[PDB]
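There is one chain below, alone, in structure tokens, taken in the form deposited in one PDB entry.
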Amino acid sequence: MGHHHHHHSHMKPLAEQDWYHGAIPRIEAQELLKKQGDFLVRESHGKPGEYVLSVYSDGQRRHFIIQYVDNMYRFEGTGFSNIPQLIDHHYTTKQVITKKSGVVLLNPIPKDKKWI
């Protein structure tokens, strides 16, 4: 507590999420990754509604797709009503994306203000 270091709010919406880079191409999603942990969520370029998570793990670019079922966004069965809440809560709980792959969320990669 103090005069600074207190961001009073609930969260930022999916659009304002820095880890959410938008509908950027597959190349741009894989090239910005460097260590095991770097992750970003994009939307499929041309397919509105299909969000692709790109996380670098085990030396590979691990690309997962967010399925919208039962009115919830999910990677491996269990899902949340909102993507920003899905990733945020999944990150803070250190839960694995899919048990098939075994990838965890650490240090999210921010985005640039590409007005072009």
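Numbering starts at 1 and follows the sequence shown.
This protein has a second form, the form solved in complex with a partner chain, left out of what is shown; the following refers to that one.
Put simply, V52 is close to the partner chain in the entry with it bound: some heavy atom of it is within 4.5 Å. Although the partner is absent from this view, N82 stays clear of the partner chain in the entry with it bound, with no non-hydrogen atom inside 4.5 angstroms. Within 4.5 Å of some heavy atom of the partner chain in the entry with it bound lies at least one heavy atom of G46. The partner chain is not drawn, but in the entry with it bound it has a heavy atom within 4.5 Å of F75.
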